[PDB]
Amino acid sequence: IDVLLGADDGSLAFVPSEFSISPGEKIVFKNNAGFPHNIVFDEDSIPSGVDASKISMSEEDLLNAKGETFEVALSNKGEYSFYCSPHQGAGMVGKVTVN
């Protein structure tokens, strides 16, 4: 599934921001508008026993050019909360369900 970082009107959002995938399906996050951006999974808001370090950017890492991507595949089922670190407060948050 492709997820834009930043809406085409420059809104600070994931598009889409809530979605479901099957296990081992790839998510391609692509720098769209309003970057730099990143993708960080909430360690306290993913399935038990998942290593967030395996599926996220560092807080300190950025995608700073149009079209840079980060890709990830999730396998454990459950809900995963993620955010953009610099824009979390702006509401640039999402949630994926692996079902």
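Residues carry their position along the shown sequence, with the first being 1.
Here 24-32 and 68-76 are compared by their mean Cα B-factor, and 24-32 comes out higher. Taking the PDB entry as given, 58-66 carries the higher mean Cα B factor of the two stretches 58-66 and 45-53. Annotation for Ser81, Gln88, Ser11, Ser17: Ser11 ranks highest, by Cα B-factor. Set against one another, the Cα B-factors of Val93, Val98, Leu5, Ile1 in the record reach their highest point at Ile1.
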